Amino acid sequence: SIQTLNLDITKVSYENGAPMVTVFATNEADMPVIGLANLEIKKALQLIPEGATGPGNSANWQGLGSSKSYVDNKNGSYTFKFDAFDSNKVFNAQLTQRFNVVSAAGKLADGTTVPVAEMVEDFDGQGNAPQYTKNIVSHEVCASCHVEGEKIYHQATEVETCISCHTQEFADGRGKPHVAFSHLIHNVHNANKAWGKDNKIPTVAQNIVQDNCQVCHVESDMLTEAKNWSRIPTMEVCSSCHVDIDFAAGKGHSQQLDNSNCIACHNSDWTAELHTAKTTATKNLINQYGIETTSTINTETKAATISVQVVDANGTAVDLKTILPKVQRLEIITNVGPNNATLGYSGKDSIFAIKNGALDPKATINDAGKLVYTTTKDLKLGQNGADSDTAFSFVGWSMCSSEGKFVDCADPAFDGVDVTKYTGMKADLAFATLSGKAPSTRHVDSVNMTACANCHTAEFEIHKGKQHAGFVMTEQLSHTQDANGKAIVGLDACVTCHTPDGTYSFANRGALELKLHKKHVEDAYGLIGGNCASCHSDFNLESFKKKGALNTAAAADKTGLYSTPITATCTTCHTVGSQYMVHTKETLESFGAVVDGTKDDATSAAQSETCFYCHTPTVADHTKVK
């Protein structure tokens, strides 16, 4: 019923001794919410300033108590009192005061569902606006990866709440420096030491965050202490990833008995630059060059000719001969039928037109300076309906590089394993038709690269390594816009290899409709759970009408097994015969499905599934049935 619960602390009065704190609660339509039964001041705190506990030391939140004692004022406002405020007798009205207010998800008496809500607000010692703050990060950055509104590890859903409990005082009281939040947060994302009573090595977190400070530390003229990540070096925080130094013993570093001198040597400019230098340099290299690609079909040979034009940052022609010795790889993959690929993985046309500065004999650089290549595999154009009139070609490429500069590829046999020696560049996509009519294109309206980049960054070099140059996905291969006129960067090019017939093995669930789900349900569940909205804005259920069979298994003789397309898509996570699927194979067949059968049988029955008579999935709730 209630979609968003907003909370504001509207009044703080110390006239009776302890503070009386009034909270106003509204819904998404700014209407007052009456009847909250689980509202609480989870923490009352005050701010010991930067350096007060010692030179170079951080500011600290000192505890003043908590309260679940409030009156519902029957107008959207609620007033708290404290039964035992400041039991430690440390209250100081010269300090900034903070209140952390939480409302548990649940149902108002009338049965109205109410979602969780959390907030903090800061004041001076009389309830006016605060004079100074410790605002370094905000909850929004975590939501780029962790599902907004769900608990992050435990206890709460917003970082300010974690920060309000995991304080220096908290850590000191337990004799455990590592549980102070500014140590913990880096610890749990970095694999140099394990964490928890379970000794978990953060392998997955490390591979996503990659120690990149800017995924959480965003400079902003909203958070006045945002630059603290580089301006306040301390042994307590810096040791979270730098785990082998003993400052006390003077091992692996000069002896430092306190934090008095860290900033004198570790100046802010240096700390900020050093931790961000590699990603900054890589992003600079990626944006040095681009490509613009065309494809045409020879109406008589029915082969496709792909032409690639390198351009500079201003989009000005660069003759490929001039940078050829620095091109590490350029690869071109062509399939047919962008809505239901027809050639399979084994039947696709593919070539490394360039490897380590050298042109393949099948590719040439023409007099206008473009690379030109003509397909050699049977593209079977027009052999499978109107969609098969269209060939689509994916171009990926890389340039050799060292320490932020492009360099010559001096080793023709360089295998691409050492990713520090080259940079994947912006990939491209080109369409051509046998008929000469406009090309068909795949829907790109349900998932796009912007969603992938929330976790992997915009500079994600997909598949970079021994097997591929690294595909960087950008507006270069956009062919449509959203309702707002923003270019959509689709993943439709990936279908060149991620075909309905699978990838190199029929046991991989390689089709694109299955592969992203399989990889992420297996390895990203700790982050995403069942949150389809992590990737999807919508489900394009109409797209199923353009699909045929999808490969779902390998037979014992290693031949391919296939399912009708809706069943195939759902069963990636809901394996037939497992505890994750109630419908038996017999029942699914009674709904028109083919389950791990022949390609012919699955193709014939592809538009015979009755699943959507009952199932009405939306991204908000994919489990919905009539």
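Heads up: residue numbers just count along the shown sequence, starting at 1.
Exercise. When the C-alpha temperature factors are averaged for each of 407-415 and 275-283, which stretch ends up with the higher value in the entry?
Worked result: The deposited B-factors put 407-415 ahead on the C-alpha mean.
Exercise. On average, which has the higher Cα B-factor in the deposited entry, 457-465 or 428-436?
Worked result: Looking at the recorded C-alpha B-factors, 428-436 comes out higher on average.
For this session: Tell me which of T234, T334, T503, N384 tops the list for C-alpha B factor in the record.
Result: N384 has the highest C-alpha B-factor of those listed.
Problem set entry | Highest recorded Cα temperature factor - choice among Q481, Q214, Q94, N267 | Comparing C-alpha B-factors across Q481, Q214, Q94, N267, the maximum falls on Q481.
Problem set entry | Where the record places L588 (Cα B-factor, split into thirds across the chain) | Middle third, going by the recorded CA B-factors of the chain.
Exercise. When the modelled residues of the chain are sorted by Cα temperature factor, does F539 land in the lowest, middle or highest third?
Worked result: Lowest third of the chain for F539's C-alpha B-factor.
Problem set entry | Chain third (lowest, middle, highest) by recorded CA B-factor, residue given as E121 | As the PDB entry reports it, the C-alpha B-factor of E121 lands in the lowest third of its chain.
Exercise. Thinking about Cα B factors across the chain, which third does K251 belong to?
Worked result: Its C-alpha B-factor, which the entry lists for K251, ranks in the highest third among residues of this chain.
Exercise. Once the chain's modelled residues are ordered by C-alpha B factor and cut into thirds, is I2 in the lowest, middle or highest one?
Worked result: Highest third.
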